[PDB]
Amino acid sequence: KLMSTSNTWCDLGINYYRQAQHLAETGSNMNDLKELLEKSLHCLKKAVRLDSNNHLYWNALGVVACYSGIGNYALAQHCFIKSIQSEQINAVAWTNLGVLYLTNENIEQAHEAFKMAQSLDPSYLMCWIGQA
Amino acid sequence: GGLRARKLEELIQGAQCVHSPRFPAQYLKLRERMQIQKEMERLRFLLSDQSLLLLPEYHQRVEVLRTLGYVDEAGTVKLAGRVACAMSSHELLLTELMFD
Amino acid sequence: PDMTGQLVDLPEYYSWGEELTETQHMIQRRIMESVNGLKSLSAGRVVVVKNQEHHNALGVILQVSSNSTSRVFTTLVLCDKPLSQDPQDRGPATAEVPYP
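Residues numbered from 1 in each chain as written, not as in the entry; some residues may be left out. Chains lettered and ligands numbered in written order. Part of a larger assembly, values for the part shown. Heavy atoms only, no water.

Caption draft 1: Spotlight on the packing of aromatic side chains. All told, the structure shown has 4 aromatic pairs over all chains when counted by the stated rule. Arranged with centres 5.9 Å apart and planes meeting at 40 degrees, the rings of B:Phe23 and C:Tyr99 form a pair that is tilted. With B:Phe23 in helix α2 (residues 23–47) and C:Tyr99 in the segment after β3 (73–77), this residue pair bridges two chains. Taking 5.5 Å as the distance between ring centres and 65 degrees as the angle between the ring planes, the aromatic pair formed by B:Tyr27 and C:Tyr14 counts as edge-to-face. Taken as a pair, B:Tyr27 in helix α2 and C:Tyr14 in helix α1 (residues 10–32) lie in two separate chains rather than in one. The pair B:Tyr27 / C:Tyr14 is uniform in exposure class, with both members buried. Put simply, the rings of B:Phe23, B:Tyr27, C:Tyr14 and C:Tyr99 touch in pairs and so form one group of aromatic residues. (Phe/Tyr/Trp six-rings, centres within 6.5 Å; stacked < 30°, edge-to-face > 60°. Helix = DSSP H or I, 4+ residues; strand = E, 2+ residues; numbered from the N terminus. Buried < 20%, exposed > 50% of the residue type's maximum accessible area, 1.4 Å probe, protein only.)

Caption draft 2: Structural view of a nonpolar patch on the surface. All names here are of chain B. Taken together, the side chains of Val-64, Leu-65, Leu-68 and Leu-92 present a nonpolar region at the surface, about 280 Å² in accessible area. Locating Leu-65 in the fold gives a position in helix α3 (residues 55–67). Relative accessible area serves as the criterion here: at 31%, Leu-65 is assigned to the partly exposed category. (Patch = residues over 30% accessible without salt bridge, like charges linked within 9 Å, V, L, I, M, F, W, Y side chains within 5 Å. Areas by Shrake-Rupley, 256 points an atom, 1.4 Å probe, with all protein chains shown as cover. Salt bridge = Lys/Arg side-chain N within 4 Å of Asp/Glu carboxyl O.)

Caption draft 3: Geometry of the interface of chain B and chain A. Contacts between the two partners involve 4 residues from chain B, matched on the other side by 5 residues from chain A. For the pairing of chain B and chain A, the buried interface totals around 330 Å² over both sides, and the portion due to carbon and sulfur atoms is 61%. Looking at the side of chain B facing chain A, the largest losses of area belong to B:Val77, B:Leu79 and B:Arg82, adding up to 94% of the total buried there. Counting every contact that joins chain B to chain A gives 0 salt bridges. Classifying every residue of the side of chain B that touches chain A by side-chain character gives 2 nonpolar, no polar and 2 charged. (Contact = heavy atoms within 4.5 Å. Buried area = accessible area lost by both parts, 1.4 Å probe. Nonpolar A, V, L, I, M, F, W, Y, C, P; charged D, E, K, R; others polar.)

Caption draft 4: Up close: the interface of chain C and chain B. The partner chain B presents 25 residues to the 23 residues of chain C that form the contact. Note on chain C versus chain B: buried area summed over both sides is about 2200 Å², and carbon and sulfur give 72% of it. The interface formed by chain C and chain B contains 0 salt bridges. Across the chain C-chain B interface, the total number found is 1 residue pair in polar contact. Tallied by class, residues from the side of chain C that touches chain B come to 15 nonpolar, 4 polar and 4 charged. (Polar contact = N/O pair within 3.5 Å; in protein donor to acceptor, adjacent residues only side chain to side chain.)

Caption draft 5: The packing of α2(B) against α1(C), seen in detail. For the pair α2(B) and α1(C), the least separation of the axes is 10 Å and the interaxial angle reads 65 degrees. Looking at the two axes, α2(B) sits roughly perpendicular to α1(C). Relative to α1(C), α2(B) is oriented so that their crossing is right-handed. Here α2(B) contributes B:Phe23, B:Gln26, B:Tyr27, B:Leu30, B:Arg31, B:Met34 and B:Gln35 to the contact with α1(C), which in turn contributes C:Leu10, C:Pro11, C:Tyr13 and C:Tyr14. Each residue belonging to the contact of α2(B) with α1(C) can be placed in one class, and the counts come to 8 nonpolar, 2 polar and 1 charged. (Axes fitted to C-alpha atoms, helices over the stretch in contact; angles between N-to-C directions. Parallel < 35°, antiparallel > 145°, perpendicular 65-115°, else oblique. Left-handed = near helix turned anticlockwise from the far one by under 90°.)

Caption draft 6: Representation of the layout of surface pockets. Each pocket or cavity is described by its volume, and for the largest pocket that value is around 1400 Å³. Lining the largest pocket are 35 residues, and of these C:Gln24, C:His25, C:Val48, C:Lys50 and C:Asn56 sit closest to its centre. Listing elements by their share of the lining of the largest pocket, those giving two or more residues are α1 (2–12) and α2 of chain B together with α1, β1 (45–50), β2 (55–64) and β3 of chain C. If you tally residues by element for the lining of the largest pocket, the top one is α1(C), at 12 residues. Counted by class, the lining of the largest pocket contains 18 nonpolar, 11 polar and 6 charged residues. Computed from the structure, the second largest pocket encloses a volume of approximately 660 Å³. Surrounding the second largest pocket, 18 residues form its lining, C:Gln52, C:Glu53, C:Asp80, C:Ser84 and C:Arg90 being those nearest its centre. Of the residues that constitute the lining of the second largest pocket, the class distribution is 6 nonpolar, 6 polar and 6 charged. (1 Å grid on protein atoms, 1.4 Å probe; cavity = no way out; pocket = protein on both sides within 12 Å on 5 of 7 lines; lining within 4 Å. Points joined across faces, edges and corners; volume = space filled by probe spheres on them.)

Caption draft 7: Layout of the sheet that holds β1(C). Residue and element names in this part refer to chain C. Judged by pairing direction, the sheet is antiparallel, and its 3 strands sit side by side in the order β1-β2-β3 without closing on themselves. Only two strands of the sheet have a single partner each, and these edge strands are β1 and β3. Strand after strand, the sheet turns through a mean of 45 degrees between neighbouring axes, direction not considered. Here β1 runs beside β2; their pairing, made up of 6 bridges, is antiparallel. Within the sheet, the bridge partner assigned to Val-48 lies in β2 and is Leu-58. (Pairing = 2+ DSSP bridges.)

Structure follows, in C-alpha cells:
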C-alpha cells in the first residue's frame, strides 16, 4: 500500500497461490476457491507487465498458470519460453518445461529439456530427479 | 603469367582511352583512389582477427571438442564440458574414461 | 568523374596496365631466380637497363663480379650527352603513364 513495486506484487501473487493450494490439498473444497486463484493470476500478471524483462515473473506466472485449478498449458509454455529468452542461464525454466512435457506423455522432448537444464547447472536437484 | 601478359598487351594496344581528350587527369586520379583504397584494405586487415597466428588452430580445437560430446553447435558447453573444465590434468582422457 | 562513352574502359585499362608490370616483375624474378640466368650472366651480354638513370637504354655488361652474392654489374649504358652541369634544372614532371 505504501510503496508500490513489482517484487511485492509478485510475492503477493505467490502467497495467494499458496493459500489456494493449502485449501485444495486438505480436500476441504473445490470450485469455491476460484476467486483466490483469479486474484493470484491478476497479481502475477500485474507484476509481469510492470517489468517484462525479468525471468522470475514469467517463471512464477508459468508455474501458477498450470495449477490443477486453472489448467492453461499454452500460457504456461509461453511463460517458460519467455523466461528462458530473458536470461539464458536458467535451469528452473528448462526443468519446468521438462515437467510439463513429461506429464503430457512426451518423454523424448522432456528428456531434451532436462538435459539442457542439467547442462547449465550440474547440481540442481529437480532435473536429476526428472532424469531418474 | 606470360600468356596473360600477352593477352593484356594485345588488348592494351587497342585501348580507347589513349585517344580520349581527358586521359591523363581521370587516369591519375583513378590511380590515386585505388592506391588509397588498397592501403585502407590492408590497414583494416591488420586490425582484424584473421591476423592472429593461432586462429586456425583454435578453430580446429573447437571442432575436436564438438566431435566428442563436449560443445554444442555454435559453442555452448555441455555437461561433459563442465566436467572436464574442473579437472586437474588429462581432462580429455579422464572424462572419456569416466563416461565409458 | 564521368566516364560514360569514350572513357568506359578507363578503369579496366588501368588494371591491364598494372598487372602486367606486376607479372613482369615476377617474370623478371623468374629470370634471375633460375640457375641458367646465373650461368648466362657474364661478359659479352647486352641488357636493357631500367632505373631512374637509364629508361630502357641499351647497355652492354663488361663483367660480372666473382662474388655472386652482391651482383654488381660494371656496365656500359647509353644516355644523352649531358648539355648541362647544374642539378637545379631537374624537376618533377608528369608521371609517365605506361602507354600501349
